[PDB]
Each structure stands twice: as structure tokens, then as C-alpha cells.
Amino acid sequence: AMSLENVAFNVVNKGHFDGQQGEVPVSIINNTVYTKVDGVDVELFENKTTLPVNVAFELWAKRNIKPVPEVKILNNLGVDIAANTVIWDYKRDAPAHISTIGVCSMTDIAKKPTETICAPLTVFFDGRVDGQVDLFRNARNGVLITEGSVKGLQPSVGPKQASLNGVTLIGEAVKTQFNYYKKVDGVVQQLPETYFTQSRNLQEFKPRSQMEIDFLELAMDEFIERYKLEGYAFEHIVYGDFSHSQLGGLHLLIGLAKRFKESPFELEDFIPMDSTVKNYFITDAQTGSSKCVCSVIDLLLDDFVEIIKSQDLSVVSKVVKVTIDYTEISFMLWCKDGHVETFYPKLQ
Amino acid sequence: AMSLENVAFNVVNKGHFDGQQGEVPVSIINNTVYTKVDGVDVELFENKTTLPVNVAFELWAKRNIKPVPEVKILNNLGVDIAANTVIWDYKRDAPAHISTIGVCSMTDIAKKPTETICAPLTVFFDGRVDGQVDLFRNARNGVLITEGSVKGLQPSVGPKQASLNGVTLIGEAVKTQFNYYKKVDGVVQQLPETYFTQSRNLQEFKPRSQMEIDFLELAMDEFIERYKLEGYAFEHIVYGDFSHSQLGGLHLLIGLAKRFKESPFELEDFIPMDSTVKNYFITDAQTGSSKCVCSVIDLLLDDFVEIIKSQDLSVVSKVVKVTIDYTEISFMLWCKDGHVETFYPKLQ
Amino acid sequence: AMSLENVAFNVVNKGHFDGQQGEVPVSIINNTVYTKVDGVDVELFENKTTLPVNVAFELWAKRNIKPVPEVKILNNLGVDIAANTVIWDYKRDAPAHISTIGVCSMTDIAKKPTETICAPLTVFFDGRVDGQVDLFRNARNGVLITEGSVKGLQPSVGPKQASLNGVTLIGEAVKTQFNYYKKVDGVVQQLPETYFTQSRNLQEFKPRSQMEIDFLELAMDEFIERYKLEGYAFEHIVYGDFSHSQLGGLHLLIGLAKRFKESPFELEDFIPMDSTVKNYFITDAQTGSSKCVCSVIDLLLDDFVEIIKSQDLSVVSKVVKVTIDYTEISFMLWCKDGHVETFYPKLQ
Amino acid sequence: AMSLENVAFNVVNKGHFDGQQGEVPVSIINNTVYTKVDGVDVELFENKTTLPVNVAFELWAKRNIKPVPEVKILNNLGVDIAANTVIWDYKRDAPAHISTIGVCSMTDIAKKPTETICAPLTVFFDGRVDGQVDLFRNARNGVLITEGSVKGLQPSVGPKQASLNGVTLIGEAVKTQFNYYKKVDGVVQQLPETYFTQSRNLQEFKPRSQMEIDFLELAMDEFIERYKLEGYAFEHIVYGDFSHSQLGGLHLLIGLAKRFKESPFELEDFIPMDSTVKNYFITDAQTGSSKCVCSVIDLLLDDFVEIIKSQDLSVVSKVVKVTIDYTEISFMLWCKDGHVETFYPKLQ
Amino acid sequence: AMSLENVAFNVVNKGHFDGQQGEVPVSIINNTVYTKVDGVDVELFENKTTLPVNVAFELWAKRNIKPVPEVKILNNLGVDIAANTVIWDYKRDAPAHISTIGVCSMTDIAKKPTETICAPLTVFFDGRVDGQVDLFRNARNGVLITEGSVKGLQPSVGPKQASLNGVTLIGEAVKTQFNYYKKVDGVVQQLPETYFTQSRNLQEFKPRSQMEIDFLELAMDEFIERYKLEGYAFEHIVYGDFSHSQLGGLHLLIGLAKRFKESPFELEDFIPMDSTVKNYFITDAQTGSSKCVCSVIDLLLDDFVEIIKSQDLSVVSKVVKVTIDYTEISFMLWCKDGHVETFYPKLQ
Ligand SMILES: Cc1nc(C)c(CN)[nH]1
Ligand SMILES: Cc1nc(C)c(CN)[nH]1
Ligand SMILES: Cc1nc(C)c(CN)[nH]1
Ligand SMILES: Cc1nc(C)c(CN)[nH]1
Ligand SMILES: Cc1nc(C)c(CN)[nH]1
């Protein structure tokens with residue numbers, strides 16, 4: 001019994017769509033939904049999507065308010081659509097998926113994921129919702145998350161963090177670590193062994209290991225001494241070189257976080273979306289060092305050290321493929337005389 | 001139980017809002033309402049009003065589909081709002097009135113016209129709706145239309161024509177001639193003696209008298225001979241003078257209609273709204289004669305002849321006030337040697 | 001090697017997309033594409049679709065410029081997408097189908113219809129394009145049109161008319177009558193026996209039989225006499241009754257065409273799309289007779305007479321199902337004393 | 001002698017509308033007003049209102065630049081319109097009122113508040129403007145503010161703070177505490193005894209009493225000990241419970257301010273407007289505790305303690321009505337064994 | 001070989017336009033350019049200019065990514081257009097100039113600055129680009145910047161700072177100090193002796209001299225004592241007077257920076273553009289002191305002290321003209337009894 005005024009009533013009275021009965025007067029102008037409160041219009045939703053305003057408003061109101069996988073993880077697993085929920089992409093302020101199943105009459109391709117239209121699409125299933133583990137078992141393509149064991153199904157432990165209403169966090173009052181399962185053409189696939197990105201911000205970066213605590217506290221030459229990193233080009237790769245017009249390295253988020261405490265810099269997010277590897281046009285404010293495409297990855301420093309220390313350094317240039325967030329990331333490894341020159345997430 | 005999807009269901013299934021239950025999926029883009037019909041969007045309403053798209057859509061769906069007074073008549077009588085209906089202005093493709101009573105939650109100032117908010121406004125009442133003659137009796141300010149007698153109330157016979165879904169016509173299968181009543185501060189007013197404009201189109205003009213039949217069939221000098229119009233400047237005023245750069249006269253719609261059969265002309269309606277007197281920037285295609293503001297009135301030729309023949313012609317210039325469509329229309333009368341030079345609906 | 005400036009170059013220089021090389025400067029404002037011609041912007045395309053302006057522009061430039069099936073026929077046959085072409089819906093000024101195959105990078109779901117994404121969709125194939133009869137043979141779901149015989153495939157003769165650049169016509173210099181074939185899950189279907197709508201306009205209606213020539217020339221009571229139509233309510237159904245406030249019958253386009261020569265009327269197309277049965281809110285200008293939902297079908301009068309004369313008239317009300325344009329159209333048959341009262345394409 | 005170019009001249013040259021003579025070239029595109037400065041367009045005003053761009057621009061330029069009552073106070077007193085000024089709502093970036101009196105030709109319902117149209121509306125009068133105390137005396141409905149005594153009129157001391165150009169503050173160089181007067185139907189009404197909200201921000205919260213200084217400095221169990229708050233559920237109500245998936249209590253702004261210093265949290269203002277009680281969808285970043293509708297009020301902790309300590313605690317659940325900012329706020333009081341379980345501003 | 005999809009490919013893959021070959025699917029909706037990434041639209045550019053969206057997108061992608069003169073300097077020198085580059089105005093998010101030369105087909109007035117159309121316009125030339133010093137020599141009107149000497153041309157040393165991707169800085173890894181040259185009507189003009197504004201922010205203000213270090217550390221009466229500023233009204237002019245309703249003085253950015261550390265204030269930038277003298281509507285949050293037009297200049301305190309100490313103080317009021325950023329700034333000097341009362345950048 002869906003309607004614009006009923007979705008708006010739910011937004012005004014419940015903070016989101018809660019299936020409540022009622023209507024509030026709504027007015028649509030430009031790409032913004034308004035409601036009349038004591039004679040005047042009050043903005044409820046500014047549409048930043050490529051969907052019609054009322055359709056985007058309904059999808060946002062029907063967004064999942066439970067901790068869910070980060071959009072980069074769902075994308076890396078090939079999720080096309082979600083079963084009976086909307087995964088809201090908070091970075092893009094838009095639905096993570098084009099179509100829906102049992103959510104909105106305008107975007108729905110089906111009411112239930114068991115409809116033959118869904119068979120070729122990778123449907124996201126949530127084991128926390130009743131019947132969705134069974135729906136995953138009968139779906140030809142899909143990705144399932146659960147809080148515990150699924151009889152017979154071999155699990156893949158996902159990252160510790162999940163997104164709750166746009167806030168990435170490692171849950172204390174809620175579970176954020178899920179078991180992951182994937183199926184392609186009716187067959188359960190073996191999810192690869194993988195590292196996970198840490199999903200930290202540059203402004204509120206917090207070290208998550210003793211190595212990371214030492215990197216941020218210690219000076220460059222003494223940290224490299226303590227962790228036996230001589231010859232691995234951490235000076236260029238992690239710390240960054242701000243001496244020439246073109247900024248050198250600076251590919252690990254922790255390096256950007258360290259630099260940020262001393263002097264500010266501009267990071268232009270020219271493809272603003274959640275992704276395992278991010279690309280920024282960086283301009284260092286202090287020196288004027290800059291780089292058009294500086295690929296940045298947020299790995300735990302211990303994981304990055306483990307990755308770089310497990311490479312054969314006897315070749316000038318090669319592609320090193322590492323599974324991170326379930327996807328294969330290609331790193332360009334440059335060496336000279338058995339020592340690393342640079343190691344960066346390869347720009348395709 | 002109003003909603004956008006329910007108004008749209010009524011539009012799609014009943015042609016207008018009929019109070020039916022149901023919903024159809026709707027999408028709003030730009031200022032247009034669309035509905036999904038077998039996978040594709042079909043336009044239902046393009047907003048040409050200054051109201052929000054969804055609000056205009058609802059008001060148009062809730063328009064009065066019965067023959068109603070033309071907007072120029074309602075305006076001339078000072079109608080501010082209508083009781084429990086929407087008068088759709090088809091010349092502007094917008095609601096004739098700013099607010100509503102018992103129609104739409106966004107535009108409603110009241111649910112019933114008996115609310116004290118309505119007392120200072122001239123409410124339009126329709127005797128054809130049960131209880132509205134009584135509502136008019138208790139309203140402080142109002143305009144009432146009826147098909148027959150109202151006990152005690154002295155009627156004012158309105159024009160023969162009414163607007164049915166934007167089509168002005170003299171009804172054969174429906175009654176279009178109404179009795180009119182008006183109240184100002186609780187007192188039933190004596191509506192003045194009035195002429196009525198004929199509301200005819202230039203393209204499909206039809207004569208409504210023998211004088212009008214003769215005007216369109218006979219040549220200029222023989223019509224003026226037959227009707228003793230010598231010295232009344234019908235050559236300039238009605239027929240029009242296309243000999244100089246500035247078009248002479250041409251203020252009566254019948255004259256424009258006659259000219260139209262021989263050669264076409266451009267009429268720029270720069271204030272496109274329903275009004276007793278219309279103003280056009282006219283460019284005659286055959287001669288190139290033109291005039292920025294050519295005021296045009298559609299009076300029955302017999303009425304215009306009666307008006308001009310009842311004027312004292314012994315003064316160079318004066319204002320002749322005529323009650324047309326219940327309003328006072330000032331005309332400018334120009335004379336010389338006891339004969340008319342020009343007579344036009346005055347530009348203020 | 002697709003681009004906005006290249007599509008625009010093709011539009012400006014070839015009238016449509018012809019695969020030519022070149023670019024013209026383009027500017028996009030509002031929902032309109034402009035091109036600079038000697039210092040000033042000239043409109044090329046105004047987007048009336050729900051797609052992004054540049055995407056709609058490309059699809060319209062890449063429209064099929066050959067006579068193709070009318071959108072109502074494709075819809076009735078369940079066509080979801082077209083193979084390597086765009087069917088432009090000129091009644092909606094939008095693409096007939098949501099997605100494309102080998103046409104535009106933004107709307108493409110595949111490059112070739114042989115991709116497994118297309119298997120569950122009914123793909124439209126054009127025998128006039130090389131290899132498309134073979135593509136239809138290997139497609140699981142599809143609709144095929146041809147100019148002649150396909151070995152082994154039993155044909156279904158389609159209507160005489162086809163749409164050429166939005167102009168429906170029976171071709172003299174081009175073939176417009178196609179053989180139709182359909183497959184559901186790999187099985188060649190037996191297309192039902194069907195009547196066809198004539199797709200005529202009200203303004204330029206032309207009779208296509210002696211019965212139709214007689215209907216338009218003869219008076220009501222003598223036509224009904226000549227064709228033994230006494231007791232079939234053609235007076236109400238076809239001719240129309242303009243005596244009461246609610247317009248009676250008027251469900252056959254030929255009747256609207258006949259009425260149109262005597263007096264004009266307003267037809268509000270509230271669901272403006274190509275369909276076998278059309279619904280209009282009609283207001284007769286001469287009488288003021290009106291009806292919110294007047295279903296109108298354009299059948300050849302001989303076909304309508306054959307349909308109504310082949311019905312059992314011994315029941316008050318029943319649903320009469322007729323295959324028209326390959327689809328099942330429900331009609332409502334109302335009888336009394338063995339005679340027809342009304343027979344109209346049923347409003348669901 | 002109003003004009004768009006004259007309002008723009010005043011904005012460019014005086015920072016607001018100052019009644020100066022002159023014009024600057026203006027261009028309107030989208031919903032933004034621009035001015036040409038040395039060959040290029042410079043944004044003057046981005047319209048975020050539901051009014052036409054030029055109308056909103058004029059109202060914003062004509063905004064009151066003196067300390068005025070906060071919009072929540074005016075709303076709580078039922079103010080419909082202001083006399084000869086615009087109260088700009090900085091939180092909504094729109095005029096606080098639909099219409100004006102003597103301000104803008106597009107929004108004006110009258111030029112002077114003495115016009116009969118204003119009689120039924122509660123007009124806001126400013127005693128600091130000459131003649132407005134007299135206008136209030138003759139107005140049927142209205143709200144008056146003054147800096148001192150009005151002969152015969154019994155005053156209501158308002159809050160210490162007022163809004164100056166969107167900045168809420170307790171004035172040192174200007175008076176921000178006003179006397180308030182209200183009239184309904186020609187009769188001066190007795191304004192109730194009321195508490196006042198403190199209007200503080202979460203990010204720049206400052207304690208305004210020794211109790212508040214102790215709440216922010218002291219730990220939970222020692223503050224409750226010092227102020228004899230045992231059994232009043234301040235642990236749940238003020239401090240907040242972040243242990244379960246649903247966040248417990250957290251209804252006093254000071255509690256949110258204390259929590260904010262330790263760890264951040266998201267507050268979704270889903271009805272973004274000035275109001276005595278605010279509703280937020282809160283997501284605690286540290287724990288993942290969340291609540292869809294967390295009603296938040298900014299009372300001085302001493303006032304909240306006085307309110308909760310003056311309640312009978314011998315009932316399971318009841319509505320406690322408290323006058324705050326002149327309006328009656330309903331609080332839901334939940335008790336068990338003579339002790340408080342929760343006390344929150346009741347969600348209607 | 002320019003195209004929208006090629007500019008977008010360059011933005012996605014290089015961070016800006018780099019002349020690379022390739023295309024990415026693009027969609028334009030509203031005034032925003034999007035690209036499809038794994039099924040969903042990702043925003044590439046939100047148009048805030050008065051140019052068409054695709055044109056602004058191309059100009060922004062083709063922006064100069066090298067340290068360039070700040071827009072205020074180019075404006076002060078009368079620059080109309082740039083040679084074969086786009087100077088992006090980051091404060092206005094728009095191109096600094098209306099037209100281009102050899103950049104975009106929509107905005108280009110010429111391909112090379114040697115075309116007679118450019119002769120009357122002051123073209124900006126960059127000596128760092130090959131052939132541009134020669135182009136300047138043959139241009140009738142122009143402004144040239146270089147890193148070193150130009151044979152025969154007498155240089156003007158510009159400011160230390162330049163804008164790199166919107167970041168104003170004094171370069172360490174890149175040169176930001178340029179030599180400036182100007183030509184009017186084929187004749188090299190002598191650039192005047194000039195002071196330079198420091199281009200500092202209020203939030204991240206840093207002292208650039210011992211006098212500035214002392215101003216920020218020392219109290220008002222002791223700083224004035226140390227620098228012999230008694231009688232120069234620094235208390236009013238630089239420190240600001242927040243005691244009356246109208247804020248006194250506060251015309252030097254360093255004064256606003258000092259005040260900012262103690263208490264916050266609102267600065268309304270009503271003409272948001274880069275300029276030597278800025279105008280703000282300031283509201284002090286602590287006191288409620290305010291001023292509609294507070295002209296603010298960021299001079300090094302030593303330079304401002306030198307300017308004010310080099311004035312004759314024996315007149316009530318006079319205009320003091322000082323060349324700053326190459327332009328003549330008029331200062332209003334008010335004196336009494338041989339002492340300064342106020343000294344502010346005169347509001348024209
Ligand atoms: C997360 C979110 N909420 C809203 C109201 C939006 C629209 N910009 N986005
Ligand atoms: C009379 C009318 N019908 C419609 C669908 C409109 C919107 N332009 N106006
Ligand atoms: C058939 C058609 N041509 C054009 C240029 C359009 C856009 N309204 N539609
Ligand atoms: C307070 C305010 N000033 C302006 C220019 C606006 C428009 N967003 N709002
Ligand atoms: C500097 C800049 N980049 C972009 C994507 C814009 C559009 N707002 N402006």
C-alpha cells in the first residue's frame with residue numbers, strides 16, 4: 001500500500017521507512033522533497049541520484065539500517081542487486097544497486113528473488129533475515145552474509161568492519177564481522193584467501209598495531225631500522241617524497257595520515273566511490289609537490305610489510321597480484337640491485 | 001486518504017480524480033509526472049503552473065468536469081476561492097485560484113467553507129452541488145450559480161456559455177446558463193445590468209445574429225448602409241485599416257474573423273489569460289500593417305452597435321464606461337464634427 | 001568510437017546517425033542539445049524521455065529509419081528489446097525499449113543478442129538485416145519480421161501498415177506488410193488468428209471498404225438499413241449519442257471521424273502511448289455531451305460488424321474476448337430482449 | 001521603486017537591502033542569482049527555498065539584521081507573518097513565514113498590518129521599530145517584543161538569547177532579552193510561566209551552571225552522588241546507554257556533548273528546522289548503538305533536574321506536560337518501585 | 001579530436017585532461033556529469049558555472065595544473081583571456097575567463113593568440129610554455145609571466161605565492177614567484193611599484209614576521225608600546241572594537257585571526273570572488289557587534305604599519321591611494337588632533 005505521502009509520513013515520524021500507516025503533505029520541487037510544517041516547507045530529501053526524486057526518496061527511506069557489508073566488498077564479490085532491502089551508498093548518496101526486489105514499485109524487477117528474472121543476477125542475501133539462507137541455497141547466483149554457521153556451507157570470514165548508516169565501524173553493541181558465501185551458476189564458489197582494507201579516514205586515522213603506533217610516533221630512519229625495512233623503499237612508497245614537482249610514492253593511507261599532522265594537502269577524489277584502491281589528484285600545500293593519479297590503499301602496515309617482504313626483488317619491473325577485499329589487486333613492483341625502487345597499486 | 005500514486009491511479013483509470021482506491025507507480029522528473037506502463041514511462045501531466053509538480057497534478061486531476069463559469073466571469077465578480085472544487089484555468093493551464101477548500105492538503109486553507117478563514121474571501125458556490133445554496137446563505141462573502149430559482153433571492157441571468165473541460169460552449173445536452181448571486185459582508189448584492197462577451201474563437205467564428213450574418217457576408221460600404229452606421233467609424237473600429245504602418249482600429253473580434261477569411265495575421269497574446277478585453281500585438285501578413293497593443297473585445301455586433309449609438313458624440317475625447325461580464329470596462333471615445341473617429345476598449 | 005560530438009555531427013550532416021566520422025561543437029542546457037552554427041546555438045534535440053539528455057539524443061539519432069512494426073504490435077507480442085537497432089516511439093518521443101543491444105554504451109545490456117543476458121528476453125529480429133533470421137533461430141525468445149518466406153517456419157501475416165519515421169502508412173515504394181514469427185523458450189509459437197487495428201487519424205481518416213464509404217456518405221438510418229444492422233445499437237456504439245450530459249457510446253474511430261466533419265470535439269489522450277485500445281476524455285463542442293473514459297478502437301467497420309454479429313445476444317452482460325493486434329481485448333457486451341444495448345472495448 | 005537589479009546593487013554594495021539607489025547587471029540561471037564582475041558571473045544567492053529565485057533573493061536581502069526571536073519561539077507563539085520585515089530562517093535557508101507585509105510585491109498580502117486581511121493572522125511586531133507597539137494595540141492577533149515597559153501591558157520575560165544574522169547569542173553589545181506580548185481575537189493573553197531551551201550546539205557546547213560544569217568534568221557515578229540523583233535514571237536518560245543495538249535514552253543535549261568529547265556519532269536531522277524538541281536518527285560510531293528517533297532537548301541541567309525531581313514517581317507510565325519556550329512539551333515518564341526508568345520528550 | 005566521452009576518459013584515468021585516447025560512457029543529468037562504474041552512475045563534475053554543463057566540464061578538465069598567478073593578480077592586470085590554457089577560479093568554481101584560445105570548441109574565439117580577434121584583448125602568456133614569450137612580443141595586448149630573464153624586457157617581481165590546483169602557497173618543490181610583464185596597444189608598460197596581499201586564511205593564519213608574531217602573542221597595549229604605534233588607532237583599525245552594536249574597524253586580516261582564537265564570528269562573503277580587498281558582513285558571536293560592510297585586506301602587518309606611518313595626519317578626511325597587487329587601492333584616512341581615528345580600504 002505504498003505512496004509518496006506514506007513514505008514521507010514514515011520519514012517524519014520514524015526517521016526512516018518503518019511500514020507505518022499515515023500520510024503527510026509533500027511538495028516536490030527541483031529534485032527535493034519537502035513537507036509542510038506549521039505553514040512552511042521543510043526539506044526532507046535532496047536527490048543526488050540519477051533516479052527520479054520520488055523514487056530515490058523511497059529507496060533512501062527503505063535503506064538498510066543494520067550494519068551491512070561496505071559497498072567495495074559487495075562490488076568486489078559482483079553483487080548486482082539485494083534481496084528485499086536497499087543498500088544505500090553513502091559516499092555516492094545513491095542506491096548501491098540499479099534495481100530492487102520487493103522494495104519499490106518503480107525499481108523492482110521482481111517481488112521475490114525466486115523469480116526467473118533474478119536467476120542470472122548475483123543477489124545479496126542477509127542470513128539475519130528469516131528465509132534468506134534458504135533463498136541463497138535456491139538462487140543460481142548470489143552472495144550471502146551470516147552471523148554464524150550455515151550447515152554444510154564452508155564460510156569465508158569477512159572484514160571486522162561493516163557500514164552502519166554510513167558509519168564504518170567494528171561493532172561492539174552489534175555484530176559487524178560476517179561469514180561470506182558466494183554462488184555462480186548454481187555452484188558455491190570457494191572465496192579466496194584475502195587481506196582486508198582498514199577503511200580509515202585521513203582526518204581521524206587511528207593505528208591498529210604496534211608497528212602502526214611506531215610508524216606514527218618514530219621518525220622515518222629509526223622506524224625503518226626497528227622493522228628491518230632497509231632496501232624496501234618505504235621512504236618513497238609510504239612516507240612520500242615531496243622534494244620534486246611530481247610527488248613521489250605516497251600509496252599507503254598511514255603515510256598520508258602521518259604527513260597530515262605536520263602539513264595539510266589537497267586530495268581530489270575524481271572518481272568518488274567506495275573502492276579497495278582509491279585514486280587522488282594530490283597537491284601538497286607546504287612544498288607544492290603534486291601528482292595527478294596517486295593510488296592509495298588502506299592496508300594495515302603489518303599486512304603491507306608482509307606483502308612487500310614476500311616478493312622476489314631480482315627483476316626490474318613486474319606485476320604482483322594480491323587478493324585484497326576479495327578482489328585481485330595488481331601492484332607494479334620496480335626493483336634495482338636487489339632493492340625496491342617503488343611498489344604501487346597499478347593504474348590499469 | 002490522499003496520495004500521489006492514488007491520484008495517478010484515478011487519472012490512468014478514470015480520466016480524472018474520481019475517489020477510487022488503488023495506486024500506480026509514478027516517477028517525477030523535471031516538472032512532469034510519469035507512470036510505468038509495461039516497463040516504460042508514459043507522461044501523465046506536464047506542469048505549466050508555478051505550484052510544485054505533484055500539487056499541480058493533484059489539482060488538475062481534481063478539476064471540475066462540469067460546465068462552469070468562464071474564469072473572466074469569476075474574476076470580474078471577485079471570486080477568491082471555490083467551495084470544495086478546483087476551477088482549472090485552461091488558458092493558463094493552472095488553477096484559477098491560489099488556495100482550495102476541501103480539495104488538496106497542500107493548497108487547502110480549510111476543509112469546509114464555513115471555517116472563519118473563509119469569511120473574508122469571496123467563495124464560489126455551485127447550486128448544483130447539494131448544500132451549497134445553504135452554504136452561500138450563511139457565507140459572508142460569496143458568488144453562487146444555480147440552474148433555477150432560489151427562494152427569495154433575486155437572480156442575475158449570466159451568459160449563455162460556460163466552460164466544459166476548457167471548451168467554451170452554449171450547452172444543448174447540459175445547462176450552461178446560470179443564475180448568479182453575490183454577497184458582500186452578508187448582504188445580497190444587486191448585480192449590475194451587463195452585456196456579455198461572446199467568447200468566440202477567431203478560427204471557428206460563428207455569427208449569432210442577422211446583423212452578424214450580414215457583416216460577414218456583405219461588403220463594408222453596403223453593410224454600413226443597411227444598418228445606418230454612417231459616421232460611426234466602423235471602417236476603422238470594426239473592419240480595420242491596413243493601409244498605414246500602424247494598423248487602424250480592429251477592436252471587435254468579428255472584424256478580425258472577417259479579415260481572417262481573406263488573409264492571415266499574427267496575434268501575439270502577450271498576457272495569456274482569460275479576460276473580458278484582450279490585448280494583442282498584431283502583424284497583418286498581407287500588408288505588413290501592425291500594432292503593438294490592439295485591444296480586442298468579443299461583443300455581439302448588435303450589442304456593440306447599441307453601445308456606440310447610445311453615446312453623445314459632441315466631445316473630442318472621453319471615457320465611456322460599459323458594464324461587460326459584470327465588470328466596468330472603460331472605452332475611449334474619440335469624435336470630430338459630431339462623428340466618431342475611434343472607439344476602443346481603453347488601455348490602462 | 002562513439003561520442004556526443006560525433007552523434008551530433010551525424011545528425012547535422014546526415015539527418016540521423018550514419019556511422020560517419022567527424023565532430024561538431026555541442027552544448028547541453030536543461031534537457032536540450034544545441035550546436036554552434038556561425039556563433040549561435042541551434043537546437044538539435046529536446047529530450048522528452050526519462051533518460052539522460054545525451055543518452056536519449058544518441059538513441060534517437062540511432063533510431064530505425066526503415067518501416068518497422070508499430071509499437072502497439074511489438075508490445076502485444078511481448079517484445080522486450082530490439083537486436084542492434086532502436087525502435088523510436090514517436091507517440092511518447094522516447095525509446096520503445098529500456099535497454100539496447102549493440103547500439104549505445106549507456107543503454108546496452110549486450111553487444112550481440114547471442115549473449116546469455118538476452119536469452120530470457122524477447123528480442124526483436126528484423127529479417128531485412130543480414131543474419132537476423134539465423135539469430136532468431138538460435139534465440140530462445142524472440143519476435144521476427146520478414147518480407148518473404150523463411151524455410152520451415154509457418155508465417156503469420158501482420159498488418160498492412162508499418163511506421164516509417166513516425167508515419168504510419170501502407171507502403172507503395174517500400175514493403176510495410178511483414179510475416180511475423182515468435183519463439184517462447186526455443187519453441188516456435190503458433191500466432192493466433194487476429195484482427196488488426198487500422199491505425200487511422202481522426203483528422204485525415206480515409207475509408208478502406210465499401211461499407212466504410214457508405215457509413216461516411218449515408219445517413220444513420222439508411223446505412224443501418226442497407227447493412228442489416230437493426231438491433232445492433234450502432235446508433236449508440238458507432239454513431240454516438242450526444243443528447244445527454246454523458247456522451248453515449250462512440251467507441252469506433254470511424255464514428256468519431258464522421259462526427260468530426262460536422263462539429264469539432266476535444267479528445268484528451270490521458271495515457272499518451274501507442275495501444276490497440278485508446279482511452280479519451282471526450283467533450284463534444286456542439287452539444288456539451290462528455291465522457292471521462294471513452295474507449296476508442298480503430299477496427300475496419302466490416303471487421304467490427306463481423307465481431308458484433310458473431311455474438312450470442314441472449315444475456316444481460318458478458319465479456320467478449322477478441323484477438324486484435326495479436327493481443328486479447330475484452331469487450332463488454334450489454335443486451336436486452338435479444339438486441340444489443342452497448343458493446344465497448346472493456347475498461348480494466 | 002523595487003527591482004531585481006536594485007536589490008542586487010544593494011546586496012553587492014551594502015551587504016543587504018539598505019534602500020539605496022542603483023542597479024547592477026544580474027543573470028538568473030537555475031535557481032541562482034549571479035552578477036557580472038569584470039567580465040565573469042559571481043554568485044550572489046543560491047535559492048534553497050520553494051519560492052521563485054528572484055522572490056527568495058529579495059526576501060533574503062530584506063531580512064532583519066537586528067537580533068530577533070529564534071524561529072522556534074515565534075512558531076511556539078503562533079506567529080504567521082511579520083510586520084514590515086522578513087524573519088530569515090537560517091537553519092532552513094528560507095523565510096520563516098509564507099507571506100509578507102510591506103516587504104516584497106510578490107509575497108505581500110498587505111502594505112500595512114492594519115489592513116483587514118491581517119486581522120485573523122498573528123502578526124509579529126517589533127517594539128524597537130517606531131509605531132509597532134501601537135500597531136500591536138490595534139491588531140486583533142499578534143506577538144510583540146520590546147526592550148522595556150509598555151504602559152498597561154503585562155510583560156513576559158523571554159529567553160536571554162536571540163538570533164543575530166543566524167547566530168544565536170546572549171547579547172553584550174546589543175539587547176537580546178525581550179519582553180513578549182500576545183493577543184488572540186483582540187484580547188491580550190497571559191503568556192504562561194515557562195522554561196527556556198538553551199540553544200547550544202553539540203560541537204561548541206559550553207556549561208552554563210556549576211551543575212553543568214560538574215556533569216562534564218565528573219564521572220557518571222560521582223556526579224549522581226553529589227547532586228542526589230540516585231533513582232532518577234540519569235545513567236539512561238542523560239548519559240545514554242551504548243551497550244545494546246538500540247541506544248538507551250540520551251535525550252538531553254548536555255549528555256550528547258559529553259559523549260562527543262570521547263567518541264563521535266552521527267546525528268541525522270530528518271526534519272531540519274528550528275524546534276524546542278529535536279528528533280535525530282543517531283548512530284554511535286564507537287559501539288554501533290543506534291536509535292531511529294532520539295528526541296533531544298537542550299534544557300539547562302538544573303532546569304531538567306528541577307522538572308524530573310518535581311514528579312510523582314508512583315505510576316508505571318504517564319504524560320508529564322511542561323511549558324518550555326512557551327509551548328507545552330509532553331514528556332513520557334516511566335517508573336518502577338518508586339524510581340525512574342526513563343523520562344523523554346514524548347514522540348507524538 | 002575532442003569529445004565529451006574522451007574528456008571523461010581522461011578525467012577518470014588521468015585525474016584531468018591529458019590528451020589521452022579513449023572514451024568512457026557518460027550521462028548528463030541536471031548540471032552534473034556522471035560515468036557508469038560497475039552498473040551505477042558516479043559523479044565526475046557538478047557544474048557551478050553559467051556555462052553549459054559539458055562545456056564547463058571540458059574547461060575544468062583542461063585547467064592549468066601548474067602554479068599560476070592568483071585570479072586577483074590577473075584581474076588587477078586586466079587579463080581578459082589566457083593563451084592555450086584555462087585558469088580555473090577555485091573560489092568561484094568557474095573559469096576565470098569567458099572565452100578560450102585553442103582549448104575548447106565551444107568557448108574558443110581563436111585557435112592561436114596571433115589571430116586578429118585577440119589583438120584588442122589582454123592575453124595571458126606563460127613563459128614556461130614554449131613559444132609564449134615570442135607570442136607575447138607579437139601580441140598587441142598581454143600579460144606575461146616567466147621564471148627568469150627575458151632579453152630586453154624589464155621585469156616586475158610578482159608575489160611569492162601562486163595558486164596550485166586551488167592551493168595558494170609559496171613553492172618549495174616548484175617556482176611560485178614569477179616575473180611579470182604587461183603590454184597595452186603594442187607597448188610594454190612599466191608595472192608600478194606595489195605591495196602584495198599575503199593571501200592567508202582566517203582559520204589557518206600564520207605570522208610571517210617578528211611584528212606579526214608579537215601582534216598575535218602580545219596584548220593590545222604592549223604591542224602598540226613596542227612598535228611605537230600610539231596615536232595610529234590600531235585599537236580600532238586592526239584589533240577591532242566590539243563594544244557597540246556597530247563593530248569598529250577590523251580591516252586587517254591579522255586582527256580577524258587574533259580575534260578568531262578567542263571567540264568565533266560569522267563572515268558573510270556576499271561577493272564571493274578573489275579580490276585584493278574583500279568585503280564581509282560580520283557578526284561577532286560573543287558580543288553581538290556587527291557590520292554590513294567590513295572591508296578586509298591581508299597585508300603583512302609591517303607593510304600596513306609602513307603605509308599608515310607614511311601619511312600626513314593633519315587633515316580630517318582624505319583618500320590615500322596605495323598600489324597593492326598592481327592595482328590602486330583607495331584608503332579613507334580619518335584624523336583628529338594629529339592622530340588617526342580610522343584608516344580603511346574605501347568602499348567605492
Ligand atoms: C543519506 C541521505 N539522506 C538524505 C536526506 C540524503 C539526500 N541528500 N541523503
Ligand atoms: C489541461 C491539461 N491536461 C494536462 C495533462 C495538462 C498539463 N499540461 N493540462
Ligand atoms: C522525433 C523527434 N525528433 C526530435 C529532434 C525529437 C526531440 N523531441 N524527437
Ligand atoms: C543566508 C543565505 N545567504 C545566501 C546567499 C543564501 C542562499 N543559499 N542564504
Ligand atoms: C574544482 C572542481 N572540481 C569539480 C568536479 C568541480 C565541480 N563542482 N569543481
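Any value given below was found using the heavy atoms of this structure, including those in side chains, with hydrogens, waters and symmetry copies removed. Both ligands and their constituent atoms are indexed starting at 1 by order of listing. Chain naming here is simple, since letters A, B, ... match the order of the sequence lines and numbering starts at 1 in each.
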Using heavy-atom distances only, which candidate in D/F57, E/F270, D/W60 approaches atom 4 (C) of ligand 4 most closely? D/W60
Rounded to the nearest 0.5 Å, what separation is found between the CE atom of E/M273 and the CZ atom of E/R92? 7.5 Å
Side chain or backbone, does A/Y90 bring an N or O within less than 3.5 Å of an N or O on ligand 1? no
For the pair D/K36 and D/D41, find out whether any cationic side-chain nitrogen is under 4.0 Å from an anionic carboxylate oxygen. yes
What I want to check is whether the side chains of C/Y90 and C/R63 have a donor and an acceptor closer together than 3.5 Å. yes
Should one rank A/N165, A/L44, D/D269 by closest heavy-atom distance to atom 5 (C) of ligand 1, which comes out on top? A/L44
Any N/O of D/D93 closer than 3.5 Å to an N/O of ligand 4? yes
Nearest-0.5 Å distance, OG1 of residue C/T32 to CG of residue C/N47: 8.0 Å
Should A/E46 be counted as touching ligand 1, given the test is an N or O pair under 3.5 Å? yes
Do C/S199 and C/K72 have side-chain N/O donor and acceptor atoms under 3.5 Å apart? yes
